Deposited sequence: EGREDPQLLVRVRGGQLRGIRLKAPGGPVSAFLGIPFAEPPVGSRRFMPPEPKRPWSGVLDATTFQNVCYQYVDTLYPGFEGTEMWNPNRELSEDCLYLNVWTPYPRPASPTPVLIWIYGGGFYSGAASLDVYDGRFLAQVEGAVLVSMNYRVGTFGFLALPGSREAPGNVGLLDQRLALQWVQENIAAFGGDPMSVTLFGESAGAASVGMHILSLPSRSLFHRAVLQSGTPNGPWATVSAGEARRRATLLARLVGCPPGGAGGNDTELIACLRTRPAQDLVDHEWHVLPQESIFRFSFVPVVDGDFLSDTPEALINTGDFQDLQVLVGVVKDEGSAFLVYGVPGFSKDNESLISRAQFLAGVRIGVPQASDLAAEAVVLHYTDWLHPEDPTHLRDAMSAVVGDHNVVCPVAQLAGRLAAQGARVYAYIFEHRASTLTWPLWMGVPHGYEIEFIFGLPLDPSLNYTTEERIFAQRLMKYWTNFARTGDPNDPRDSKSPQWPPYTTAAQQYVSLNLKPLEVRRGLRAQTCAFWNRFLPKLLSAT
(Lines of atoms letter the chains of each structure in order from A and count residues from 1; the text may use other names and numbers.)
(Lines give C-alpha, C1' and ligand atoms only; values in the text may rest on other atoms or scores of the structure.)
Protein backbone atom coordinates (compact mmCIF):
# COMPACT_ATOMS: atom_id res chain seq x y z
CA UNK A 1 0.00 0.00 0.00
CA UNK A 2 -0.91 2.58 -0.93
CA UNK A 3 -0.45 2.96 -4.68
CA UNK A 4 -1.62 -0.38 -6.05
CA UNK A 5 -5.12 -1.84 -6.47
CA UNK A 6 -7.18 -1.74 -3.23
CA UNK A 7 -9.47 -4.58 -4.42
CA UNK A 8 -6.57 -6.98 -4.40
CA UNK A 9 -5.45 -6.71 -0.77
CA UNK A 10 -6.68 -9.52 1.46
CA UNK A 11 -5.73 -10.81 4.89
CA UNK A 12 -5.86 -14.49 5.69
CA UNK A 13 -4.90 -16.19 8.97
CA UNK A 14 -1.24 -16.18 7.87
CA UNK A 15 -1.01 -12.51 6.90
CA UNK A 16 -1.57 -10.13 3.98
CA UNK A 17 -1.82 -11.26 0.32
CA UNK A 18 -1.67 -9.25 -2.84
CA UNK A 19 -3.57 -10.74 -5.74
CA UNK A 20 -3.79 -9.88 -9.40
CA UNK A 21 -6.59 -8.54 -11.59
CA UNK A 22 -6.83 -10.88 -14.60
CA UNK A 23 -8.81 -10.48 -17.85
CA UNK A 24 -11.64 -12.80 -18.74
CA UNK A 25 -13.60 -12.44 -22.01
CA UNK A 26 -16.59 -10.82 -20.28
CA UNK A 27 -14.56 -8.69 -17.84
CA UNK A 28 -12.07 -8.77 -14.93
CA UNK A 29 -11.58 -11.39 -12.20
CA UNK A 30 -9.48 -11.44 -8.98
CA UNK A 31 -6.84 -14.17 -8.65
CA UNK A 32 -4.84 -15.07 -5.56
CA UNK A 33 -2.37 -17.59 -6.79
CA UNK A 34 0.21 -19.61 -4.92
CA UNK A 35 -1.06 -18.99 -1.38
CA UNK A 36 0.92 -21.38 0.86
CA UNK A 37 -1.30 -23.50 3.11
CA UNK A 38 1.25 -25.82 4.72
CA UNK A 39 4.82 -25.79 5.96
CA UNK A 40 6.93 -27.07 3.04
CA UNK A 41 6.93 -30.86 3.37
CA UNK A 42 10.73 -31.19 2.87
CA UNK A 43 13.77 -32.80 4.55
CA UNK A 44 12.59 -34.66 7.64
CA UNK A 45 8.97 -33.91 6.64
CA UNK A 46 8.99 -36.03 3.45
CA UNK A 47 6.24 -38.69 3.78
CA UNK A 48 4.92 -36.90 6.94
CA UNK A 49 1.41 -35.41 7.38
CA UNK A 50 1.28 -31.68 6.55
CA UNK A 51 1.69 -29.02 9.28
CA UNK A 52 -0.31 -25.72 8.90
CA UNK A 53 1.52 -22.74 7.35
CA UNK A 54 3.28 -20.63 9.99
CA UNK A 55 2.29 -16.90 9.65
CA UNK A 56 4.53 -14.50 7.70
CA UNK A 57 5.18 -10.76 7.89
CA UNK A 58 4.79 -8.22 5.10
CA UNK A 59 2.56 -8.73 2.09
CA UNK A 60 2.83 -12.13 0.44
CA UNK A 61 2.77 -11.79 -3.34
CA UNK A 62 0.05 -14.02 -4.70
CA UNK A 63 0.21 -13.01 -8.36
CA UNK A 64 1.65 -16.20 -9.95
CA UNK A 65 1.32 -19.96 -9.84
CA UNK A 66 3.74 -21.58 -7.45
CA UNK A 67 5.77 -24.84 -7.77
CA UNK A 68 4.28 -28.16 -8.89
CA UNK A 69 4.72 -31.27 -6.69
CA UNK A 70 7.57 -33.60 -7.73
CA UNK A 71 6.37 -36.03 -10.40
CA UNK A 72 7.01 -38.11 -13.51
CA UNK A 73 6.93 -36.05 -16.72
CA UNK A 74 5.09 -37.76 -19.60
CA UNK A 75 7.27 -38.19 -22.69
CA UNK A 76 5.16 -40.61 -24.68
CA UNK A 77 4.73 -38.11 -27.53
CA UNK A 78 7.12 -35.15 -26.98
CA UNK A 79 5.78 -31.79 -28.23
CA UNK A 80 2.30 -33.26 -28.75
CA UNK A 81 -0.44 -31.07 -27.18
CA UNK A 82 -2.57 -34.08 -26.23
CA UNK A 83 0.02 -35.21 -23.72
CA UNK A 84 1.81 -31.94 -23.02
CA UNK A 85 -1.26 -30.13 -21.70
CA UNK A 86 -1.27 -32.45 -18.65
CA UNK A 87 2.43 -32.03 -17.97
CA UNK A 88 3.66 -29.65 -15.22
CA UNK A 89 3.65 -25.99 -16.23
CA UNK A 90 5.85 -24.75 -13.32
CA UNK A 91 9.09 -26.10 -12.00
CA UNK A 92 9.04 -29.26 -9.90
CA UNK A 93 9.66 -28.98 -6.16
CA UNK A 94 8.78 -30.78 -2.94
CA UNK A 95 7.92 -27.36 -1.66
CA UNK A 96 4.64 -27.36 -3.49
CA UNK A 97 1.74 -27.06 -1.04
CA UNK A 98 0.08 -23.94 -2.39
CA UNK A 99 -3.52 -23.23 -3.36
CA UNK A 100 -5.24 -20.75 -5.72
CA UNK A 101 -8.36 -18.58 -5.42
CA UNK A 102 -10.38 -16.90 -8.18
CA UNK A 103 -13.16 -14.50 -7.31
CA UNK A 104 -15.23 -11.98 -9.25
CA UNK A 105 -13.85 -8.45 -9.52
CA UNK A 106 -14.58 -6.48 -7.46
CA UNK A 107 -14.94 -9.21 -4.82
CA UNK A 108 -18.61 -10.23 -4.18
CA UNK A 109 -20.55 -8.22 -1.54
CA UNK A 110 -22.60 -11.14 -0.14
CA UNK A 111 -21.31 -14.67 0.75
CA UNK A 112 -20.86 -16.70 -2.45
CA UNK A 113 -20.88 -20.49 -2.93
CA UNK A 114 -17.39 -22.01 -3.21
CA UNK A 115 -16.19 -24.70 -5.62
CA UNK A 116 -12.97 -26.58 -4.73
CA UNK A 117 -11.24 -28.46 -7.53
CA UNK A 118 -9.04 -31.53 -6.92
CA UNK A 119 -6.96 -32.48 -10.01
CA UNK A 120 -6.39 -36.03 -11.26
CA UNK A 121 -3.33 -37.79 -12.72
CA UNK A 122 -3.26 -41.32 -11.23
CA UNK A 123 -2.15 -39.98 -7.82
CA UNK A 124 1.33 -39.65 -9.34
CA UNK A 125 0.90 -36.44 -11.28
CA UNK A 126 -1.18 -33.28 -11.75
CA UNK A 127 -1.02 -29.61 -10.80
CA UNK A 128 -3.70 -27.01 -9.96
CA UNK A 129 -1.98 -24.53 -12.23
CA UNK A 130 -2.69 -26.23 -15.61
CA UNK A 131 -4.55 -24.28 -18.29
CA UNK A 132 -7.61 -26.60 -18.24
CA UNK A 133 -8.23 -25.79 -14.60
CA UNK A 134 -8.18 -21.95 -15.00
CA UNK A 135 -10.93 -20.70 -12.69
CA UNK A 136 -11.29 -17.30 -14.34
CA UNK A 137 -14.37 -18.26 -16.43
CA UNK A 138 -16.45 -19.79 -13.63
CA UNK A 139 -15.47 -16.78 -11.47
CA UNK A 140 -16.38 -14.17 -14.12
CA UNK A 141 -19.38 -15.71 -15.82
CA UNK A 142 -21.01 -17.50 -12.89
CA UNK A 143 -19.75 -15.29 -10.03
CA UNK A 144 -18.24 -18.37 -8.35
CA UNK A 145 -15.43 -18.43 -5.81
CA UNK A 146 -13.15 -21.18 -7.03
CA UNK A 147 -10.27 -22.72 -5.10
CA UNK A 148 -7.78 -25.36 -6.17
CA UNK A 149 -4.83 -26.86 -4.31
CA UNK A 150 -1.60 -28.68 -5.06
CA UNK A 151 -1.27 -31.95 -3.13
CA UNK A 152 1.65 -34.35 -3.00
CA UNK A 153 1.61 -37.13 -5.52
CA UNK A 154 3.49 -40.40 -6.07
CA UNK A 155 5.75 -41.65 -3.32
CA UNK A 156 5.89 -38.21 -1.68
CA UNK A 157 2.11 -38.25 -1.40
CA UNK A 158 1.34 -41.93 -0.89
CA UNK A 159 4.32 -44.08 -0.01
CA UNK A 160 3.25 -45.88 3.17
CA UNK A 161 4.68 -48.16 5.76
CA UNK A 162 1.26 -48.59 7.45
CA UNK A 163 1.40 -48.57 11.26
CA UNK A 164 4.65 -46.53 11.35
CA UNK A 165 4.86 -42.92 12.57
CA UNK A 166 7.25 -41.65 9.86
CA UNK A 167 5.32 -42.90 6.84
CA UNK A 168 1.63 -43.39 7.85
CA UNK A 169 0.22 -43.20 4.31
CA UNK A 170 -2.44 -40.98 2.66
CA UNK A 171 -0.52 -37.73 3.29
CA UNK A 172 -1.58 -36.45 -0.15
CA UNK A 173 -5.18 -36.81 1.06
CA UNK A 174 -4.17 -35.01 4.23
CA UNK A 175 -2.75 -32.12 2.10
CA UNK A 176 -6.14 -31.84 0.42
CA UNK A 177 -7.89 -31.90 3.81
CA UNK A 178 -5.64 -29.14 5.13
CA UNK A 179 -6.62 -26.98 2.13
CA UNK A 180 -10.26 -27.69 2.92
CA UNK A 181 -9.60 -26.48 6.53
CA UNK A 182 -7.86 -23.38 5.16
CA UNK A 183 -11.00 -22.70 3.08
CA UNK A 184 -13.25 -22.95 6.19
CA UNK A 185 -11.10 -20.52 8.14
CA UNK A 186 -10.25 -18.05 5.37
CA UNK A 187 -12.56 -18.08 2.36
CA UNK A 188 -14.97 -15.49 3.83
CA UNK A 189 -12.04 -13.02 3.55
CA UNK A 190 -12.54 -13.31 -0.21
CA UNK A 191 -16.31 -13.20 -0.08
CA UNK A 192 -16.83 -16.98 -0.24
CA UNK A 193 -19.39 -18.86 1.89
CA UNK A 194 -17.76 -21.51 4.08
CA UNK A 195 -21.29 -22.87 4.74
CA UNK A 196 -21.58 -23.68 0.98
CA UNK A 197 -18.50 -25.55 -0.31
CA UNK A 198 -18.76 -28.09 -3.14
CA UNK A 199 -15.92 -30.47 -3.97
CA UNK A 200 -15.31 -31.39 -7.59
CA UNK A 201 -12.68 -33.46 -9.28
CA UNK A 202 -11.89 -35.79 -12.10
CA UNK A 203 -10.08 -39.17 -12.34
CA UNK A 204 -7.89 -39.45 -9.17
CA UNK A 205 -9.41 -36.07 -8.25
CA UNK A 206 -12.80 -37.70 -8.39
CA UNK A 207 -11.56 -40.64 -6.30
CA UNK A 208 -10.20 -38.11 -3.80
CA UNK A 209 -13.55 -36.28 -3.55
CA UNK A 210 -15.01 -39.75 -2.89
CA UNK A 211 -12.51 -40.47 -0.12
CA UNK A 212 -13.40 -37.23 1.60
CA UNK A 213 -17.07 -38.37 1.49
CA UNK A 214 -16.05 -41.60 3.21
CA UNK A 215 -13.73 -40.06 5.84
CA UNK A 216 -15.21 -38.61 9.01
CA UNK A 217 -12.94 -35.62 9.70
CA UNK A 218 -13.43 -34.38 6.07
CA UNK A 219 -17.24 -34.56 6.21
CA UNK A 220 -17.53 -31.39 8.28
CA UNK A 221 -15.50 -29.43 5.66
CA UNK A 222 -17.88 -29.49 2.64
CA UNK A 223 -21.54 -29.92 1.69
CA UNK A 224 -21.82 -31.41 -1.82
CA UNK A 225 -19.59 -33.32 -4.21
CA UNK A 226 -18.94 -33.88 -7.91
CA UNK A 227 -17.07 -36.98 -9.12
CA UNK A 228 -16.11 -36.88 -12.79
CA UNK A 229 -14.75 -40.14 -14.24
CA UNK A 230 -13.45 -41.59 -10.96
CA UNK A 231 -14.55 -43.16 -7.67
CA UNK A 232 -13.00 -44.27 -4.35
CA UNK A 233 -14.19 -47.89 -4.93
CA UNK A 234 -12.90 -49.92 -7.86
CA UNK A 235 -9.57 -51.55 -8.85
CA UNK A 236 -7.09 -48.67 -8.88
CA UNK A 237 -7.99 -45.96 -6.35
CA UNK A 238 -6.67 -47.72 -3.23
CA UNK A 239 -4.43 -50.56 -1.98
CA UNK A 240 -4.48 -52.78 1.14
CA UNK A 241 -2.05 -51.98 3.97
CA UNK A 242 -0.12 -55.13 3.09
CA UNK A 243 0.21 -54.26 -0.56
CA UNK A 244 1.34 -50.68 0.17
CA UNK A 245 3.98 -52.05 2.62
CA UNK A 246 5.18 -54.45 -0.07
CA UNK A 247 5.56 -51.61 -2.64
CA UNK A 248 7.25 -49.23 -0.19
CA UNK A 249 9.75 -51.92 0.79
CA UNK A 250 10.55 -52.84 -2.81
CA UNK A 251 11.07 -49.18 -3.79
CA UNK A 252 13.37 -48.84 -0.79
CA UNK A 253 15.45 -51.84 -2.02
CA UNK A 254 15.51 -50.45 -5.58
CA UNK A 255 17.03 -47.10 -4.46
CA UNK A 256 19.54 -48.65 -2.02
CA UNK A 257 17.62 -48.53 1.26
CA UNK A 258 17.72 -51.77 3.20
CA UNK A 259 15.75 -53.39 9.19
CA UNK A 260 12.72 -51.70 10.96
CA UNK A 261 10.56 -48.84 9.60
CA UNK A 262 12.43 -45.89 11.17
CA UNK A 263 15.74 -46.83 9.51
CA UNK A 264 14.15 -47.57 6.17
CA UNK A 265 12.27 -44.27 5.98
CA UNK A 266 15.26 -42.29 7.27
CA UNK A 267 17.31 -43.70 4.38
CA UNK A 268 14.52 -42.89 1.91
CA UNK A 269 14.54 -39.33 3.27
CA UNK A 270 18.09 -38.88 2.05
CA UNK A 271 17.38 -39.97 -1.50
CA UNK A 272 17.09 -37.24 -4.19
CA UNK A 273 13.46 -36.73 -5.14
CA UNK A 274 14.18 -37.63 -8.75
CA UNK A 275 15.58 -40.97 -7.73
CA UNK A 276 12.26 -41.94 -6.15
CA UNK A 277 10.41 -40.77 -9.24
CA UNK A 278 12.85 -42.73 -11.45
CA UNK A 279 11.91 -46.00 -9.69
CA UNK A 280 8.28 -45.37 -8.94
CA UNK A 281 7.03 -47.54 -11.86
CA UNK A 282 9.10 -50.60 -10.97
CA UNK A 283 7.04 -51.74 -7.99
CA UNK A 284 3.78 -52.80 -9.73
CA UNK A 285 3.00 -56.50 -9.17
CA UNK A 286 1.97 -57.27 -12.83
CA UNK A 287 2.27 -55.72 -16.29
CA UNK A 288 -0.93 -53.58 -16.23
CA UNK A 289 -3.12 -50.71 -17.49
CA UNK A 290 -4.88 -48.18 -15.25
CA UNK A 291 -2.81 -49.11 -12.21
CA UNK A 292 -0.62 -46.76 -10.19
CA UNK A 293 2.15 -47.50 -7.74
CA UNK A 294 1.44 -45.17 -4.90
CA UNK A 295 -2.24 -44.54 -4.13
CA UNK A 296 -4.47 -44.06 -1.10
CA UNK A 297 -4.02 -46.85 1.39
CA UNK A 298 -6.67 -48.58 3.56
CA UNK A 299 -4.99 -47.72 6.84
CA UNK A 300 -7.93 -48.04 9.28
CA UNK A 301 -7.48 -44.27 9.87
CA UNK A 302 -8.19 -41.87 6.99
CA UNK A 303 -10.02 -44.89 5.57
CA UNK A 304 -11.50 -47.03 8.35
CA UNK A 305 -12.30 -49.84 5.93
CA UNK A 306 -12.26 -50.48 2.14
CA UNK A 307 -14.27 -47.96 0.08
CA UNK A 308 -16.56 -50.91 -0.83
CA UNK A 309 -17.38 -51.74 2.79
CA UNK A 310 -17.95 -48.00 3.43
CA UNK A 311 -20.31 -47.31 0.53
CA UNK A 312 -22.32 -50.48 1.41
CA UNK A 313 -22.90 -49.56 5.04
CA UNK A 314 -22.70 -45.75 5.24
CA UNK A 315 -25.67 -43.46 5.80
CA UNK A 316 -25.86 -40.88 3.02
CA UNK A 317 -29.14 -39.10 3.84
CA UNK A 318 -27.67 -35.60 3.91
CA UNK A 319 -25.54 -35.83 0.75
CA UNK A 320 -25.86 -34.48 -2.78
CA UNK A 321 -23.64 -35.78 -5.57
CA UNK A 322 -23.24 -35.32 -9.26
CA UNK A 323 -21.36 -38.22 -10.91
CA UNK A 324 -20.65 -39.16 -14.47
CA UNK A 325 -18.42 -40.53 -17.19
CA UNK A 326 -17.14 -39.59 -20.66
CA UNK A 327 -17.97 -41.74 -23.73
CA UNK A 328 -14.53 -43.31 -24.05
CA UNK A 329 -13.02 -43.71 -20.59
CA UNK A 330 -10.55 -46.41 -21.72
CA UNK A 331 -9.14 -45.27 -25.05
CA UNK A 332 -6.35 -42.97 -23.82
CA UNK A 333 -4.88 -45.72 -21.59
CA UNK A 334 -4.32 -48.09 -24.48
CA UNK A 335 -1.56 -46.01 -26.04
CA UNK A 336 0.43 -46.32 -22.82
CA UNK A 337 2.01 -49.68 -23.67
CA UNK A 338 -0.83 -51.93 -24.92
CA UNK A 339 0.76 -53.69 -27.91
CA UNK A 340 -1.05 -52.84 -31.16
CA UNK A 341 -2.20 -49.30 -30.16
CA UNK A 342 -1.10 -45.79 -31.21
CA UNK A 343 -2.27 -42.20 -31.67
CA UNK A 344 -0.70 -42.22 -35.22
CA UNK A 345 -2.76 -45.02 -36.81
CA UNK A 346 -6.26 -46.55 -36.54
CA UNK A 347 -5.02 -49.24 -34.09
CA UNK A 348 -6.94 -52.02 -35.85
CA UNK A 349 -5.83 -54.98 -33.65
CA UNK A 350 -5.94 -58.78 -33.87
CA UNK A 351 -7.83 -61.28 -31.77
CA UNK A 352 -4.46 -62.30 -30.19
CA UNK A 353 -3.70 -58.68 -29.34
CA UNK A 354 -7.17 -58.33 -27.77
CA UNK A 355 -6.61 -61.35 -25.45
CA UNK A 356 -3.12 -60.06 -24.55
CA UNK A 357 -4.72 -56.66 -23.95
CA UNK A 358 -7.31 -58.19 -21.61
CA UNK A 359 -4.66 -59.91 -19.41
CA UNK A 360 -3.04 -56.52 -19.02
CA UNK A 361 -6.29 -54.56 -18.53
CA UNK A 362 -7.60 -56.96 -15.91
CA UNK A 363 -4.27 -57.99 -14.29
CA UNK A 364 -5.90 -59.49 -11.20
CA UNK A 365 -7.77 -62.08 -13.29
CA UNK A 366 -7.26 -65.84 -13.51
CA UNK A 367 -7.41 -67.60 -16.91
CA UNK A 368 -11.10 -68.30 -16.37
CA UNK A 369 -11.94 -64.73 -15.40
CA UNK A 370 -10.09 -63.45 -18.48
CA UNK A 371 -11.95 -65.79 -20.82
CA UNK A 372 -15.18 -64.47 -19.25
CA UNK A 373 -14.17 -60.90 -20.15
CA UNK A 374 -13.20 -61.92 -23.71
CA UNK A 375 -16.39 -63.86 -24.29
CA UNK A 376 -18.52 -61.02 -22.95
CA UNK A 377 -16.88 -58.43 -25.18
CA UNK A 378 -16.67 -60.48 -28.40
CA UNK A 379 -18.95 -59.55 -31.27
CA UNK A 380 -20.08 -63.02 -32.19
CA UNK A 381 -21.19 -61.94 -35.65
CA UNK A 382 -17.74 -60.54 -36.58
CA UNK A 383 -15.37 -61.99 -33.93
CA UNK A 384 -12.21 -61.32 -35.98
CA UNK A 385 -13.17 -57.77 -36.82
CA UNK A 386 -10.26 -55.44 -35.87
CA UNK A 387 -12.37 -52.32 -35.54
CA UNK A 388 -14.66 -54.01 -33.02
CA UNK A 389 -11.71 -55.60 -31.17
CA UNK A 390 -10.10 -52.19 -30.83
CA UNK A 391 -13.31 -50.63 -29.44
CA UNK A 392 -13.76 -53.65 -27.16
CA UNK A 393 -10.28 -53.32 -25.72
CA UNK A 394 -11.13 -49.68 -25.01
CA UNK A 395 -14.48 -50.49 -23.37
CA UNK A 396 -12.89 -53.22 -21.19
CA UNK A 397 -10.51 -50.71 -19.73
CA UNK A 398 -13.16 -47.98 -19.43
CA UNK A 399 -15.88 -50.20 -17.98
CA UNK A 400 -13.75 -51.99 -15.44
CA UNK A 401 -12.01 -48.87 -14.17
CA UNK A 402 -14.51 -46.02 -14.32
CA UNK A 403 -17.98 -46.72 -15.72
CA UNK A 404 -18.88 -49.71 -13.54
CA UNK A 405 -17.26 -48.35 -10.37
CA UNK A 406 -19.28 -45.16 -11.05
CA UNK A 407 -22.49 -47.22 -11.60
CA UNK A 408 -21.96 -49.11 -8.35
CA UNK A 409 -21.29 -45.82 -6.52
CA UNK A 410 -24.42 -44.07 -7.88
CA UNK A 411 -26.47 -47.17 -7.00
CA UNK A 412 -25.25 -47.53 -3.42
CA UNK A 413 -25.51 -43.81 -2.61
CA UNK A 414 -29.05 -43.47 -4.06
CA UNK A 415 -30.12 -46.63 -2.17
CA UNK A 416 -28.79 -45.20 1.08
CA UNK A 417 -30.12 -41.64 1.24
CA UNK A 418 -28.22 -39.47 -1.24
CA UNK A 419 -29.65 -37.26 -3.95
CA UNK A 420 -27.61 -38.37 -6.99
CA UNK A 421 -27.52 -36.91 -10.50
CA UNK A 422 -25.68 -38.83 -13.24
CA UNK A 423 -24.38 -38.00 -16.71
CA UNK A 424 -22.57 -39.37 -19.73
CA UNK A 425 -20.55 -36.73 -21.53
CA UNK A 426 -20.49 -37.39 -25.25
CA UNK A 427 -19.03 -34.38 -27.07
CA UNK A 428 -15.64 -34.56 -28.72
CA UNK A 429 -13.97 -31.10 -28.60
CA UNK A 430 -13.59 -29.80 -32.17
CA UNK A 431 -10.10 -28.76 -31.06
CA UNK A 432 -9.02 -32.23 -29.93
CA UNK A 433 -5.60 -33.45 -31.17
CA UNK A 434 -6.09 -37.16 -30.40
CA UNK A 435 -7.23 -39.32 -33.34
CA UNK A 436 -10.94 -39.97 -33.94
CA UNK A 437 -10.82 -43.61 -32.91
CA UNK A 438 -10.21 -42.51 -29.29
CA UNK A 439 -13.65 -40.85 -29.32
CA UNK A 440 -14.17 -38.74 -26.17
CA UNK A 441 -11.11 -39.65 -23.98
CA UNK A 442 -10.49 -39.55 -20.21
CA UNK A 443 -10.26 -35.92 -19.06
CA UNK A 444 -11.73 -34.12 -22.09
CA UNK A 445 -14.92 -32.77 -20.49
CA UNK A 446 -12.86 -30.65 -18.07
CA UNK A 447 -12.07 -27.84 -20.53
CA UNK A 448 -15.83 -27.54 -21.01
CA UNK A 449 -16.86 -27.50 -17.35
CA UNK A 450 -14.28 -24.75 -16.66
CA UNK A 451 -15.55 -22.68 -19.63
CA UNK A 452 -12.42 -22.61 -21.80
CA UNK A 453 -14.44 -22.41 -25.02
CA UNK A 454 -15.60 -18.93 -23.94
CA UNK A 455 -12.09 -17.67 -24.76
CA UNK A 456 -12.32 -16.32 -28.33
CA UNK A 457 -8.58 -16.87 -28.87
CA UNK A 458 -9.10 -20.67 -28.42
CA UNK A 459 -11.01 -21.41 -31.71
CA UNK A 460 -13.91 -23.48 -30.37
CA UNK A 461 -17.19 -23.34 -32.36
CA UNK A 462 -20.07 -21.01 -31.43
CA UNK A 463 -22.27 -24.01 -30.45
CA UNK A 464 -19.35 -25.24 -28.26
CA UNK A 465 -19.25 -21.85 -26.50
CA UNK A 466 -23.03 -22.14 -25.75
CA UNK A 467 -22.45 -25.74 -24.67
CA UNK A 468 -19.79 -24.79 -22.10
CA UNK A 469 -22.19 -22.14 -20.78
CA UNK A 470 -24.84 -24.79 -20.20
CA UNK A 471 -22.35 -27.00 -18.38
CA UNK A 472 -20.99 -24.19 -16.20
CA UNK A 473 -24.58 -23.34 -15.38
CA UNK A 474 -25.33 -26.99 -14.37
CA UNK A 475 -22.18 -27.32 -12.22
CA UNK A 476 -22.72 -23.98 -10.46
CA UNK A 477 -26.49 -24.51 -10.00
CA UNK A 478 -25.54 -27.79 -8.31
CA UNK A 479 -22.97 -26.03 -6.13
CA UNK A 480 -25.60 -23.42 -5.21
CA UNK A 481 -28.66 -25.54 -4.60
CA UNK A 482 -27.70 -29.21 -4.77
CA UNK A 483 -29.74 -29.46 -8.01
CA UNK A 484 -28.24 -28.78 -11.47
CA UNK A 485 -31.56 -27.61 -12.96
CA UNK A 486 -32.37 -23.94 -13.43
CA UNK A 487 -35.22 -23.13 -10.93
CA UNK A 488 -36.69 -20.25 -13.03
CA UNK A 489 -36.25 -21.93 -16.47
CA UNK A 490 -39.28 -23.76 -17.96
CA UNK A 491 -38.25 -24.36 -21.63
CA UNK A 492 -35.14 -26.47 -20.75
CA UNK A 493 -35.71 -30.27 -20.27
CA UNK A 494 -35.33 -31.41 -16.64
CA UNK A 495 -32.40 -33.47 -15.32
CA UNK A 496 -34.00 -36.08 -13.04
CA UNK A 497 -32.25 -37.68 -10.05
CA UNK A 498 -30.62 -41.09 -10.47
CA UNK A 499 -32.53 -43.84 -8.62
CA UNK A 500 -32.25 -47.63 -8.19
CA UNK A 501 -35.86 -47.93 -9.41
CA UNK A 502 -35.45 -45.96 -12.62
CA UNK A 503 -31.69 -45.57 -13.17
CA UNK A 504 -32.10 -42.28 -15.03
CA UNK A 505 -29.14 -40.19 -16.20
CA UNK A 506 -28.51 -37.57 -18.90
CA UNK A 507 -26.55 -37.16 -22.14
CA UNK A 508 -24.32 -34.12 -22.19
CA UNK A 509 -23.77 -33.08 -25.83
CA UNK A 510 -24.61 -30.29 -28.32
CA UNK A 511 -28.28 -31.40 -28.47
CA UNK A 512 -30.61 -30.54 -25.55
CA UNK A 513 -30.61 -32.95 -22.57
CA UNK A 514 -31.93 -36.43 -23.36
CA UNK A 515 -32.89 -38.66 -20.42
CA UNK A 516 -31.50 -42.21 -20.72
CA UNK A 517 -32.08 -45.27 -18.52
CA UNK A 518 -29.65 -47.84 -17.06
CA UNK A 519 -25.98 -46.97 -16.94
CA UNK A 520 -24.46 -49.88 -18.85
CA UNK A 521 -26.61 -51.95 -16.49
CA UNK A 522 -26.14 -55.30 -18.21
CA UNK A 523 -22.35 -55.11 -18.51
CA UNK A 524 -21.93 -53.61 -15.06
CA UNK A 525 -23.71 -56.64 -13.66
CA UNK A 526 -20.92 -58.68 -15.24
CA UNK A 527 -18.14 -56.53 -13.63
CA UNK A 528 -19.84 -55.71 -10.26
CA UNK A 529 -21.89 -58.81 -9.51
CA UNK A 530 -20.30 -61.64 -11.42
CA UNK A 531 -16.58 -61.16 -11.81
CA UNK A 532 -15.94 -60.71 -8.06
CA UNK A 533 -17.55 -64.10 -7.33
CA UNK A 534 -15.51 -65.70 -10.09
CA UNK A 535 -12.28 -64.49 -8.50
CA UNK A 536 -12.45 -67.37 -5.80
* Missing stretches, numbered from 1 on the deposited chain sequence and kept in order -> 259-263, 542-543
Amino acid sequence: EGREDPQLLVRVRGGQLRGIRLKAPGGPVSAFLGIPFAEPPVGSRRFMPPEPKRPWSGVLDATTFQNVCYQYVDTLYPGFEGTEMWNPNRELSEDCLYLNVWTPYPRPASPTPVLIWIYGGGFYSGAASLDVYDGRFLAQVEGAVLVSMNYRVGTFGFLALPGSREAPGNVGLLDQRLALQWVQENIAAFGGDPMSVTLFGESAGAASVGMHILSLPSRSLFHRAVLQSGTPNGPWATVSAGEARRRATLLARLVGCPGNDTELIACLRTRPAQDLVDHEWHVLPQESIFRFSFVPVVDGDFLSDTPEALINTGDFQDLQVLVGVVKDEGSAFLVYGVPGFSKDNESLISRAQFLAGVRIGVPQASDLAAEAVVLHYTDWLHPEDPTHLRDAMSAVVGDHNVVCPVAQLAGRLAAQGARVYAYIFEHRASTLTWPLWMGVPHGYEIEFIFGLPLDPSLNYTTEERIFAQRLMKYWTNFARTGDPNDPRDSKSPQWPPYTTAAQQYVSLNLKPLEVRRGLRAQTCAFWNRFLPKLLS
From here on, numbers count along this sequence of modelled residues.
* Which of 377-385 and 114-122 has higher mean CA B factor, as the PDB entry lists it -> 377-385
* Got a sec? Mean C-alpha B-factor, which is higher, 286-294 or 457-465? -> 457-465
* Going by the CA temperature factor in the entry, name the top one among 205, 439, 143, 232. => 143
* Asked: If you compare 105, 444, 158, 450, which has the highest Cα B-factor in the entry?
  -> 105
* Classify residue 502 as lowest, middle or highest third according to the C-alpha B-factor given in the PDB entry, relative to its own chain. => highest
* To do: Please place residue 314 in the lowest, middle or highest third of its chain by C-alpha B factor as given in the entry.
  => highest
* **Lowest, middle or highest third - CA B-factor, residue 26** => highest
* Asked: Hey, what third does residue 165 fall into on Cα B-factor, ranked over its chain?
  -> highest
* Which third, lowest, middle or highest, does the CA B-factor of residue 256 fall in along this chain? -> highest
